[PDB]
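Enquirer: After the structure tokens below, expect a handful of questions from me.
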There are 2 protein chains.
Amino acid sequence: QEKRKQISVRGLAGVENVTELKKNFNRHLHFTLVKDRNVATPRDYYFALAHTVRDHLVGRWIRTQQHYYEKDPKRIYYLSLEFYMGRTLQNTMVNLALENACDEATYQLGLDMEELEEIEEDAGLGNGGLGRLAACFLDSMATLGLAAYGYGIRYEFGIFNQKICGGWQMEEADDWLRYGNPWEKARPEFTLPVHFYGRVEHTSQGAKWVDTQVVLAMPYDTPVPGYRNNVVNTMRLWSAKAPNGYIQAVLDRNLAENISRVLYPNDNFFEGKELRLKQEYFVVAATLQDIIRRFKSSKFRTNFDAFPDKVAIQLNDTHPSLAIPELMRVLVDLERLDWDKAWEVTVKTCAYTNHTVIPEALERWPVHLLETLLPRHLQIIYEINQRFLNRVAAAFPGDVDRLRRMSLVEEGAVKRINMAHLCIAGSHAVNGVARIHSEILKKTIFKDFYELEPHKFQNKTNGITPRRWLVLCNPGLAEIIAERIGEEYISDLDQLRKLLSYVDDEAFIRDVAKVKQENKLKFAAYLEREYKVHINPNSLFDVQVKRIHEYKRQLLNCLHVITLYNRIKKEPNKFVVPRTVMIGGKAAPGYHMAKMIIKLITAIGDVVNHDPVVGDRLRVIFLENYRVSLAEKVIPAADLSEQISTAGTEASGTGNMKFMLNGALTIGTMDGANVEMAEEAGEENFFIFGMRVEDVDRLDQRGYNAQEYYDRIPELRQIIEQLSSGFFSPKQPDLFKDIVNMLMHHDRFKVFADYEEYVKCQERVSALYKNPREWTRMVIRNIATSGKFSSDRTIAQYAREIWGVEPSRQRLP
Amino acid sequence: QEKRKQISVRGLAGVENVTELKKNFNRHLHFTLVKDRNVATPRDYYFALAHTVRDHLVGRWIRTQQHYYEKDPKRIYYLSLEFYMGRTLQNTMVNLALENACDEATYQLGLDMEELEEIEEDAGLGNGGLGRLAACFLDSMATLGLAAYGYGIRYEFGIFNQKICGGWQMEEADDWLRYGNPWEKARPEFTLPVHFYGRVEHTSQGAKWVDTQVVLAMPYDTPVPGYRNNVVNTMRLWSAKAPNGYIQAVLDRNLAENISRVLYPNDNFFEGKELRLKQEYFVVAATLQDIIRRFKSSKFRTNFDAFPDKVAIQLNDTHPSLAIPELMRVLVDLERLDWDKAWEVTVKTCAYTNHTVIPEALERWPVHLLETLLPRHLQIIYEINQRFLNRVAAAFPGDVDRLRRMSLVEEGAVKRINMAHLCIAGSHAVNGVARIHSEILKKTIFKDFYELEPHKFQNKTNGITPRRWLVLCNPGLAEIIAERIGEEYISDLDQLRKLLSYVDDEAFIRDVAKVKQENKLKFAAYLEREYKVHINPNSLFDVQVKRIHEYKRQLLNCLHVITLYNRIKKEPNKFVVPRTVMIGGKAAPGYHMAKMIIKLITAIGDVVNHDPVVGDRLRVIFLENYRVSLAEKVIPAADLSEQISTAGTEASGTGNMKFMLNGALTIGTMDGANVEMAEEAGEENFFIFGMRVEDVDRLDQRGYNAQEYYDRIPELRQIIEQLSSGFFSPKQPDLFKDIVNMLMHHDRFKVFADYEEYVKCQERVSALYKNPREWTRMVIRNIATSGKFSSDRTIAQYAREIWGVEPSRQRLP
Ligand SMILES: O=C1NC(=O)[C@@]2(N1)O[C@H](CO)[C@@H](O)[C@H](O)[C@H]2O
Ligand SMILES: O=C1NC(=O)[C@@]2(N1)O[C@H](CO)[C@@H](O)[C@H](O)[C@H]2O
């Protein structure tokens with residue numbers, strides 16, 4: 001209670017507030033939960049607290065939304081098929097300044113608030129970085145006072161819960177709604193219809209989309225609180241409902257209700273299932289009906305010319321790209337605008353954000369599927385394509401191959417629509433998510449488009465919210481910073497640059513170190529308690545946590561780990577800096593190599609963790625079920641952050657920024673936002689290694705030959721021979737033959753090309769770690785220059801450079 | 001507001017209570033609903049009222065349940081696959097004495113409480129009489145202070161909503177949960193597992209049921225308030241949940257969740273679907289786990305001998321009959337009791353109520369299905385059968401045909417288990433639901449069983465609650481009665497016999513008549529408003545409302561209606577008492593003849609209602625979507641109650657009692673509880689006609705020949721010739737050929753045999769109706785002798801004669 005008390009960033013425990021909070025906790029326990037103190041469990045107490053905390057959002061939510069309707073500012077509609085929100089109780093209390101008051105109120109009731117917070121399920125409606133970016137963006141938009149609306153789908157099952165059984169991943173449905181969600185509000189009264197299939201009738205009123213099947217879209221609205229500004233915006237997620245022999249017809253309502261059943265668990269990989277396309281159109285269609293209704297009730301041919309002055313649609317990836325043709329369908333077929341005026345409006349309303357580089361991560365839907373499911377949309381896409389290729393032909397006359405490359409329609413045995421090209425043609429702005437990625441979009445990936453319309457192309461380096469990713473998850477660090485520079489940095493993170501004044505301050509050096517040690521102790525206690533794994537608290541915590549994907553190269557980290565193990569065995573008496581290497585992350589079901597990688601991590605640990613010569617000098621653990629609530633516990637405890645993707649493959653990364661803000665040093669390639677992070681802190685304060693993008697390209701030009709590296713590096717050959725001969729799988733000697741085959745003959749990500757410099761860089765890490773004072777001084781140089789990586793900076797640049805609206809920190813009454 | 005005010009039976013509007021109710025309405029509107037007075041609709045105001053009213057049930061619910069756990073009285077478990085509860089807001093306010101206070105509170109807020117009550121959806125978890133009996137029984141059990149628990153299944157879809165399209169029934173899913181159910185409380189924490197399929201392993205610990213598939217049973221608990229006694233019991237309904245490639249496995253969770261999806265819409269007809277058997281075992285299995293847990297936490301080999309002293313299981317029909325073998329399975333396989341002691345306990349715990357006569361309404365499950373789905377239960381049933389047939393053989397030595405007739409196992413191409421015989425063997429009491437039906441169970445249907453164990457056989461004449469079926473639905477009548485004899489009759493209905501003192505009281509005669517006229521005006525306004533049908537308010541309202549079934553003979557009512565029409569056309573100048581004949585009721589989907597009957601009613605109206613000679617002297621309407629909330633509006637408005645089943649087919653009826661309590665006179669056969677109703681009022685005050693059961697049997701003995709009636713009755717022949725030649729279906733002349741064929745050659749219910757006496761009796765009705773004073777005096781003789789038909793009388797006799805517990809009207813603090 002004592003540290004919680006002491007933490008001034010957690011606010012005040014005013015005596016009347018504490019009294020009111022207690023009263024309301026007991027009121028909810030009785031009237032809402034219908035429980036009594038003799039039978040109540042810790043889960044019942046968590047719900048009573050959550051309902052109490054929620055009541056504090058209500059007046060601000062109704063007043064904020066009423067303010068927008070009165071004032072009529074331009075509205076921002078952020079459309080996304082993922083929102084990885086995490087848990088909400090602590091975030092709500094931080095943003096409303098209720099944390100110490102609730103801590104005191106619950107303490108007076110005989111309860112431990114932190115134990116109650118652990119009952120909450122993450123809302124895990126996203127796969128990883130992109131879903132988590134959308135959640136940091138809704139927080140930043142509310143903190144910056146924008147009239148912003150996140151729109152998505154309410155999946156009944158989010159990303160699966162990962163169990164590890166016999167060292168392998170197993171997927172279990174994440175039934176996050178089992179005990180209810182006290183944060184959302186069902187809005188059945190605002191249910192709207194969404195159409196599928198059918199056919200187009202061309203008459204004298206234009207086209208008519210008829211004979212469709214209807215699925216209803218019921219919205220659930222969740223409040224999104226800004227940081228101490230009394231703004232509460234809304235996330236509206238749509239849930240699928242069947243329209244309004246006999247038994248079997250009732251049971252068959254499940255087919256339409258299956259649209260919102262489960263998140264597709266792919267990360268940087270397009271799976272073209274019809275059910276996903278349905279999910280996409282379902283979000284787009286219901287969402288554009290709200291946009292159009294709100295526009296018509298706003299101010300006021302008069303109306304649609306001003307539509308782009310009052311609406312921005314922000315497409316998160318191409319997942320909601322059908323908003324481009326759906327808006328044209330509504331404006332032309334239903335509102336009766338002429339095509340040209342409708343297209344003018346559509347392009348000024350929409351903007352697209354791209355988050356990938358790999359060709360197989362782009363959405364390319366078969367024309368036959370679009371024809372069957374959304375026949376009027378395919379007509380509209382072909383017309384969009386003919387007018388855009390007419391502009392290409394007039395700008396670059398006679399360049400026939402440019403027409404083929406830029407077309408929305410891709411040739412082949414199955415013709416497809418390239419949804420990225422559709423977004424570029426229909427948006428006034430296109431952006432990537434880190435300077436290197438935005439630049440490669442202009443130079444290579446979409447170079448023809450950039451040449452046609454260079455003003456469309458922008459950069460918006462990603463960021464993370466310093467509320468969840470510093471005040472909530474690492475209050476100790478938040479408090480020692482506040483002790484020196486006040487609290488303003490929480491909503492103005494560039495003020496962390498003031499911490500460079502303390503690089504030679506003995507107390508500050510002391511306290512940064514003390515906070516990291518406390519977080520390592522809290523993490524080790526969580527691991528012993530919840531998963532019964534024991535880790536050495538006096539070891540360097542070396543952490544690689546992110547989805548499992550060949551491009552992120554968890555395998556390169558495996559090679560390093562086995563190198564440390566083999567070096568210890570060769571020279572057992574030689575001192576080495578003790579390490580706890582932790583790797584965690586989910587594999588898409590169906591991505592075989594990623595599943596084998598998880599099994600290799602566990603298998604390495606099975607040998608390494610039981611070798612008496614190694615003892616506690618080296619431990620390798622796989623962290624099960626990596627997810628936002630676990631990132632909040634392990635990132636603050638980390639010493640080394642592994643950001644080792646092959647140069648050119650991580651479009652930005654965001655876990656890299658989380659670690660930098662939480663006092664870890666980074667070992668990484670010049671990839672994604674790592675380049676900007678190293679620029680901000682100074683490259684001498686980062687452990688950059690390996691090929692740069694120019695090097696990777698040179699290797700591709702002459703041909704990547706993994707055998708050359710195997711032949712020239714004895715230590716590498718040793719590990720490959722261990723893997724192949726069954727040293728890490730004695731009961732099934734050929735278990736890892738597929739990983740070896742890939743590494744030796746088909747590695748698109750050049751794991752062996754960075755092995756030598758990776759292992760050398762790791763040694764430099766270890767050498768600095770032996771000097772605690774200078775390790776900590778380099779940490780202070782990182783925390784103090786992490787300010788650019790606030791999502792408030794990123795959202796302020798979307799507002800000013802894309803949406804045309806000015807962000808504000810002015811408090812609402 | 002004025003009559004509402006004046007109605008003293010509606011309680012007091014205390015000034016502080018009105019103030020508190022208003023405060024709490026606004027609090028719920030803001031914090032619970034997240035609405036504000038500018039956007040709030042009548043639906044939002046209904047929910048704010050419902051949440052306010054619900055808060056008044058909470059303390060009594062927690063205190064009542066705590067009282068049982070402390071005091072440890074014998075607990076009554078009433079198991080039923082149907083609970084036709086209807087709407088709850090008004091019932092809750094009546095039982096808690098909040099009706100005038102809420103009426104005043106809402107009136108001060110500018111709202112009309114009666115309009116808000118109309119927003120509520122009936123909870124229509126039952127088909128008709130049997131489901132509605134279970135709901136009147138839960139009310140009576142709470143009013144009599146019993147520690148009773150109703151246990152059922154929470155169907156997502158209850159009985160379908162009936163639309164009439166082109167004069168035919170159409171079924172629509174009744175999505176009663178769309179806007180939520182504010183009355184229930186989800187209890188996910190108390191979810192339990194239910195097993196299916198698998199196989200039995202016989203070991204040295206006895207049998208072991210292994211390799212099963214699990215479906216979870218999540219309970220939802222709904223409060224059940226007694227009448228002004230502060231008792232609030234619980235209805236617990238179980239909801240199916242799946243246990244704890246990849247996408248398809250998540251979607252396939254729907255298969256297990258389909259167990260609680262929809263009510264089978266059959267009335268007096270067994271459909272042997274596997275999914276229904278699953279529904280049955282799901283209720284039984286989860287329910288017996290609660291019973292056993294509660295017993296073990298109660299008092300205290302010691303334990304199970306006292307099990308029948310602390311538990312009663314009441315089986316509503318054979319639908320939960322699997323409780324007999326499930327209890328033996330739990331006691332023998334899991335608790336390790338020996339078979340004999342377990343059977344002793346099981347028979348003293350269980351009791352069965354039978355509600356049907358027709359052979360096809362009895363449950364007979366294929367042994368192959370039971371073998372596949374519930375292999376240990378089939379083993380147990382065969383053992384139960386062998387020991388029971390050993391008792392039969394020792395009691396009646398050498399009677400081999402008795403063994404075949406009484407066996408639980410029925411022979412044939414498909415062998416089946418007769419669930420009624422299983423209940424009789426495993427229960428200490430068996431009862432029918434009206435004296436004539438209980439007697440036929442002993443004399444014919446289960447005569448061998450009665451001869452073996454005569455002490456098991458009982459009678460429990462059905463009843464209805466006078467709360468919903470008099471105070472709620474007909475406050476005007478409730479008030480004129482209270483004016484004379486106080487309010488005690490509401491929970492002691494035999495006090496209505498005091499009203500026989502007023503058969504010659506001019507004011508009372510005047511006011512009974514005035515109340516009926518007001519109800520007819522309210523009903524006619526509802527019909528004009530909601531369905532846009534116009535009825536003549538100065539006509540005799542002749543009402544037949546009940547499920548559509550050949551045995552209930554809506555067709556006999558059709559023949560009468562056409563007879564009136566044909567008699568008018570023959571002698572147009574002759575005065576006749578104007579009538580509005582209304583028939584309503586649902587047909588099971590799939591029951592062809594019942595669907596054709598609905599179409600014949602509409603078709604008759606299509607001719608009759610547009611004939612200028614008839615004008616407003618005769619109108620015939622089909623009332624769409626007959627359901628508990630509609631019965632509460634039309635029964636109080638009725639003048640004549642049609643209860644015309646063939647003698648011997650309606651086991652009791654309950655709509656007959658509703659009409660008697662609400663001031664209608666009855667035209668009926670000596671069938672079911674009609675016989676007891678006529679006994680109570682005096683046969684001179686009832687319009688009894690037709691064959692008695694002895695007559696029906698004599699006709700069966702010589703052979704029913706419908707042609708004889710056609711040949712001897714000119715007026716009947718005329719109608720049959722109209723039907724056959726297309727007079728009621730000119731565009732499709734042969735439309736009713738199937739109804740004619742059945743009537744003429746395959747009528748199991750002898751419609752033509754009662755035609756002549758039915759039409760004569762109807763004329764006697766009409767003659768009395770021409771003398772308003774003497775019609776009303778005969779109504780007073782009916783209302784005043786309706787007291788035996790209170791469900792409190794019926795439940796007091798179950799408590800004393802079957803459950804061994806004493807009912808009480810003592811108030812809880
Ligand atoms: O498909 C993707 N999943 C991601 O996490 C991703 N693209 O988007 C993120 C948010 O822009 C990026 O930071 C990450 O580099 C990229 O892989
Ligand atoms: O299967 C049935 N449905 C009914 O309504 C029924 N049996 O049960 C009721 C309740 O006991 C009876 O009143 C009714 O006569 C009988 O048909």
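In the structure tokens, the first chain shown is A, the next is B, and so on; residue numbers restart at 1 for each chain, and ligands run from 1 in the order shown.
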Where does chain B meet ligand 2 within 8 Å, residue by residue, with the nearest atom pair and distance in Å to one decimal for each, counting only C-alpha atoms and all ligand atoms, listed by chain and rising number, as JSON lines?
Expert:
```
{"residue": "B:127", "atom": "CA", "partner": "ligand 2", "partner_atom_place_in_ligand_line": "3 (N)", "distance": 7.6}
{"residue": "B:128", "atom": "CA", "partner": "ligand 2", "partner_atom_place_in_ligand_line": "5 (O)", "distance": 5.3}
{"residue": "B:129", "atom": "CA", "partner": "ligand 2", "partner_atom_place_in_ligand_line": "5 (O)", "distance": 3.4}
{"residue": "B:130", "atom": "CA", "partner": "ligand 2", "partner_atom_place_in_ligand_line": "10 (C)", "distance": 4.0}
{"residue": "B:131", "atom": "CA", "partner": "ligand 2", "partner_atom_place_in_ligand_line": "5 (O)", "distance": 7.3}
{"residue": "B:132", "atom": "CA", "partner": "ligand 2", "partner_atom_place_in_ligand_line": "10 (C)", "distance": 7.8}
{"residue": "B:133", "atom": "CA", "partner": "ligand 2", "partner_atom_place_in_ligand_line": "10 (C)", "distance": 5.7}
{"residue": "B:267", "atom": "CA", "partner": "ligand 2", "partner_atom_place_in_ligand_line": "3 (N)", "distance": 5.3}
{"residue": "B:268", "atom": "CA", "partner": "ligand 2", "partner_atom_place_in_ligand_line": "1 (O)", "distance": 4.0}
{"residue": "B:269", "atom": "CA", "partner": "ligand 2", "partner_atom_place_in_ligand_line": "1 (O)", "distance": 7.2}
{"residue": "B:317", "atom": "CA", "partner": "ligand 2", "partner_atom_place_in_ligand_line": "1 (O)", "distance": 7.9}
{"residue": "B:354", "atom": "CA", "partner": "ligand 2", "partner_atom_place_in_ligand_line": "11 (O)", "distance": 7.4}
{"residue": "B:355", "atom": "CA", "partner": "ligand 2", "partner_atom_place_in_ligand_line": "7 (N)", "distance": 4.3}
{"residue": "B:356", "atom": "CA", "partner": "ligand 2", "partner_atom_place_in_ligand_line": "7 (N)", "distance": 4.9}
{"residue": "B:361", "atom": "CA", "partner": "ligand 2", "partner_atom_place_in_ligand_line": "1 (O)", "distance": 6.8}
{"residue": "B:432", "atom": "CA", "partner": "ligand 2", "partner_atom_place_in_ligand_line": "11 (O)", "distance": 7.7}
{"residue": "B:433", "atom": "CA", "partner": "ligand 2", "partner_atom_place_in_ligand_line": "11 (O)", "distance": 5.3}
{"residue": "B:462", "atom": "CA", "partner": "ligand 2", "partner_atom_place_in_ligand_line": "11 (O)", "distance": 6.4}
{"residue": "B:649", "atom": "CA", "partner": "ligand 2", "partner_atom_place_in_ligand_line": "15 (O)", "distance": 7.7}
{"residue": "B:650", "atom": "CA", "partner": "ligand 2", "partner_atom_place_in_ligand_line": "15 (O)", "distance": 4.3}
{"residue": "B:651", "atom": "CA", "partner": "ligand 2", "partner_atom_place_in_ligand_line": "15 (O)", "distance": 3.9}
{"residue": "B:652", "atom": "CA", "partner": "ligand 2", "partner_atom_place_in_ligand_line": "15 (O)", "distance": 4.0}
{"residue": "B:653", "atom": "CA", "partner": "ligand 2", "partner_atom_place_in_ligand_line": "13 (O)", "distance": 3.5}
{"residue": "B:654", "atom": "CA", "partner": "ligand 2", "partner_atom_place_in_ligand_line": "13 (O)", "distance": 5.2}
{"residue": "B:672", "atom": "CA", "partner": "ligand 2", "partner_atom_place_in_ligand_line": "15 (O)", "distance": 6.7}
```
Enquirer: Write to file, as a compact mmCIF listing (two decimals), in the first residue's frame, the residues of the selection just made, with N, CA, C and O atoms.
Expert:
```
# COMPACT_ATOMS: atom_id res chain seq x y z
N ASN B 127 -45.18 -23.63 -24.46
CA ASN B 127 -46.09 -23.77 -25.57
C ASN B 127 -47.54 -23.35 -25.27
O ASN B 127 -48.29 -23.07 -26.20
N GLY B 128 -47.96 -23.45 -24.01
CA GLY B 128 -49.41 -23.28 -23.75
C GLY B 128 -49.63 -23.63 -22.28
O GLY B 128 -48.91 -23.07 -21.47
N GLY B 129 -50.61 -24.44 -22.00
CA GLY B 129 -51.11 -24.75 -20.68
C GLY B 129 -50.08 -25.29 -19.71
O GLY B 129 -50.04 -24.98 -18.51
N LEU B 130 -49.29 -26.31 -20.16
CA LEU B 130 -48.32 -26.93 -19.26
C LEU B 130 -47.22 -25.96 -18.85
O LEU B 130 -46.81 -25.96 -17.68
N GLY B 131 -46.67 -25.17 -19.76
CA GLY B 131 -45.64 -24.18 -19.43
C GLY B 131 -46.26 -23.09 -18.54
O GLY B 131 -45.54 -22.56 -17.68
N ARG B 132 -47.49 -22.72 -18.84
CA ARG B 132 -48.15 -21.65 -18.04
C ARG B 132 -48.49 -22.23 -16.67
O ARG B 132 -48.36 -21.45 -15.69
N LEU B 133 -48.79 -23.52 -16.53
CA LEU B 133 -49.01 -24.07 -15.19
C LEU B 133 -47.76 -23.97 -14.30
O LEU B 133 -47.73 -23.57 -13.12
N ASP B 267 -47.43 -29.36 -28.87
CA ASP B 267 -48.42 -29.32 -27.78
C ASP B 267 -49.18 -30.65 -27.80
O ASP B 267 -49.82 -30.89 -28.80
N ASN B 268 -49.06 -31.53 -26.82
CA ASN B 268 -49.73 -32.79 -26.77
C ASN B 268 -49.26 -33.68 -27.94
O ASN B 268 -50.04 -34.46 -28.45
N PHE B 269 -47.99 -33.63 -28.23
CA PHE B 269 -47.43 -34.49 -29.30
C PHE B 269 -45.94 -34.64 -29.05
O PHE B 269 -45.25 -33.66 -28.77
N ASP B 317 -44.36 -33.61 -16.17
CA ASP B 317 -44.49 -34.55 -17.30
C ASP B 317 -43.25 -35.43 -17.21
O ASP B 317 -42.50 -35.46 -16.21
N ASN B 354 -48.52 -36.32 -14.63
CA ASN B 354 -48.93 -36.64 -16.01
C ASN B 354 -49.95 -35.63 -16.46
O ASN B 354 -50.87 -35.21 -15.69
N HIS B 355 -49.86 -35.10 -17.68
CA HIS B 355 -50.78 -34.10 -18.17
C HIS B 355 -51.52 -34.41 -19.47
O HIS B 355 -52.02 -33.53 -20.15
N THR B 356 -51.50 -35.68 -19.94
CA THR B 356 -52.06 -35.97 -21.27
C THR B 356 -52.89 -37.24 -21.29
O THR B 356 -52.92 -38.05 -20.33
N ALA B 361 -48.86 -38.42 -27.36
CA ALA B 361 -48.25 -37.35 -26.54
C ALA B 361 -47.24 -37.96 -25.56
O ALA B 361 -46.50 -37.21 -24.95
N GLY B 432 -52.60 -37.00 -11.74
CA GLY B 432 -53.16 -36.32 -12.93
C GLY B 432 -53.60 -34.91 -12.46
O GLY B 432 -53.42 -34.60 -11.30
N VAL B 433 -54.20 -34.14 -13.36
CA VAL B 433 -54.34 -32.69 -13.19
C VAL B 433 -55.79 -32.23 -13.16
O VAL B 433 -56.04 -31.03 -13.19
N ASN B 462 -55.65 -28.74 -11.32
CA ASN B 462 -54.87 -27.58 -11.71
C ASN B 462 -55.52 -26.28 -11.15
O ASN B 462 -56.67 -26.25 -10.71
N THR B 649 -60.65 -35.70 -23.66
CA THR B 649 -59.37 -35.34 -24.26
C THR B 649 -58.64 -34.18 -23.58
O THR B 649 -57.43 -34.15 -23.71
N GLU B 650 -59.34 -33.24 -22.94
CA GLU B 650 -58.55 -32.14 -22.29
C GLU B 650 -58.28 -32.63 -20.87
O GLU B 650 -59.22 -32.73 -20.03
N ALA B 651 -57.01 -32.89 -20.52
CA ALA B 651 -56.72 -33.46 -19.19
C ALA B 651 -57.23 -32.55 -18.02
O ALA B 651 -57.88 -33.11 -17.14
N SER B 652 -57.02 -31.25 -18.20
CA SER B 652 -57.70 -30.39 -17.20
C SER B 652 -58.19 -29.11 -17.89
O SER B 652 -59.35 -28.71 -17.82
N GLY B 653 -57.30 -28.39 -18.54
CA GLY B 653 -57.51 -27.05 -19.09
C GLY B 653 -57.12 -26.03 -17.98
O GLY B 653 -57.27 -26.37 -16.81
N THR B 654 -56.73 -24.82 -18.33
CA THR B 654 -56.50 -23.75 -17.35
C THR B 654 -57.08 -22.42 -17.87
O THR B 654 -57.49 -21.53 -17.09
N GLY B 672 -62.23 -32.57 -18.53
CA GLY B 672 -61.17 -31.90 -17.74
C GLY B 672 -61.78 -31.25 -16.47
O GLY B 672 -62.65 -31.75 -15.77
```
Enquirer: Any chance you could list, as a ChimeraX atom specification, the residues in region 610-790 of chain B that come up strand (DSSP E) when DSSP is run on the backbone?
Expert: /B:618-623,640-643,665-668,687-688
Enquirer: Output the selection as a PDB file, in the first residue's frame - N, CA and C atoms for each residue.
Expert:
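The new file out.pdb reads:
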```
ATOM      1  N   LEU B 618     -72.672 -10.001 -37.099  1.00  0.00           N
ATOM      2  CA  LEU B 618     -71.813 -11.198 -36.912  1.00  0.00           C
ATOM      3  C   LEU B 618     -70.441 -10.889 -37.484  1.00  0.00           C
ATOM      4  N   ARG B 619     -69.411 -11.079 -36.687  1.00  0.00           N
ATOM      5  CA  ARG B 619     -68.034 -10.850 -37.157  1.00  0.00           C
ATOM      6  C   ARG B 619     -67.216 -12.058 -36.654  1.00  0.00           C
ATOM      7  N   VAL B 620     -66.300 -12.559 -37.464  1.00  0.00           N
ATOM      8  CA  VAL B 620     -65.495 -13.705 -37.044  1.00  0.00           C
ATOM      9  C   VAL B 620     -64.028 -13.310 -37.242  1.00  0.00           C
ATOM     10  N   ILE B 621     -63.227 -13.224 -36.179  1.00  0.00           N
ATOM     11  CA  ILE B 621     -61.843 -12.811 -36.406  1.00  0.00           C
ATOM     12  C   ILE B 621     -60.852 -13.840 -35.833  1.00  0.00           C
ATOM     13  N   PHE B 622     -59.693 -13.922 -36.482  1.00  0.00           N
ATOM     14  CA  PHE B 622     -58.640 -14.821 -35.962  1.00  0.00           C
ATOM     15  C   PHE B 622     -57.697 -13.916 -35.182  1.00  0.00           C
ATOM     16  N   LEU B 623     -57.432 -14.161 -33.891  1.00  0.00           N
ATOM     17  CA  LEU B 623     -56.544 -13.270 -33.144  1.00  0.00           C
ATOM     18  C   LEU B 623     -55.077 -13.731 -33.263  1.00  0.00           C
ATOM     19  N   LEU B 640     -68.334 -14.940 -23.523  1.00  0.00           N
ATOM     20  CA  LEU B 640     -68.507 -16.399 -23.587  1.00  0.00           C
ATOM     21  C   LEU B 640     -67.170 -17.114 -23.789  1.00  0.00           C
ATOM     22  N   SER B 641     -66.922 -18.109 -22.963  1.00  0.00           N
ATOM     23  CA  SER B 641     -65.687 -18.896 -22.968  1.00  0.00           C
ATOM     24  C   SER B 641     -65.940 -20.276 -23.607  1.00  0.00           C
ATOM     25  N   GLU B 642     -65.274 -20.553 -24.692  1.00  0.00           N
ATOM     26  CA  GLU B 642     -65.461 -21.802 -25.448  1.00  0.00           C
ATOM     27  C   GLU B 642     -64.472 -22.869 -24.991  1.00  0.00           C
ATOM     28  N   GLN B 643     -64.989 -23.929 -24.367  1.00  0.00           N
ATOM     29  CA  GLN B 643     -64.188 -24.996 -23.794  1.00  0.00           C
ATOM     30  C   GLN B 643     -64.794 -26.319 -24.287  1.00  0.00           C
ATOM     31  N   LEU B 665     -69.160 -16.403 -19.145  1.00  0.00           N
ATOM     32  CA  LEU B 665     -69.920 -17.637 -18.817  1.00  0.00           C
ATOM     33  C   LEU B 665     -69.315 -18.714 -19.731  1.00  0.00           C
ATOM     34  N   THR B 666     -69.459 -19.957 -19.282  1.00  0.00           N
ATOM     35  CA  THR B 666     -68.752 -20.969 -20.138  1.00  0.00           C
ATOM     36  C   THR B 666     -69.691 -21.827 -20.936  1.00  0.00           C
ATOM     37  N   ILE B 667     -69.362 -22.041 -22.235  1.00  0.00           N
ATOM     38  CA  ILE B 667     -70.112 -23.065 -22.986  1.00  0.00           C
ATOM     39  C   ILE B 667     -69.087 -24.224 -23.122  1.00  0.00           C
ATOM     40  N   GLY B 668     -69.409 -25.444 -22.647  1.00  0.00           N
ATOM     41  CA  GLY B 668     -68.376 -26.472 -22.607  1.00  0.00           C
ATOM     42  C   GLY B 668     -68.898 -27.904 -22.476  1.00  0.00           C
ATOM     43  N   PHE B 687     -73.076 -23.642 -19.324  1.00  0.00           N
ATOM     44  CA  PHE B 687     -73.753 -24.133 -20.534  1.00  0.00           C
ATOM     45  C   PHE B 687     -73.041 -25.421 -20.972  1.00  0.00           C
ATOM     46  N   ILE B 688     -73.350 -26.498 -20.284  1.00  0.00           N
ATOM     47  CA  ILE B 688     -72.802 -27.823 -20.609  1.00  0.00           C
ATOM     48  C   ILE B 688     -73.571 -28.463 -21.737  1.00  0.00           C
TER      49      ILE B 688
END
```
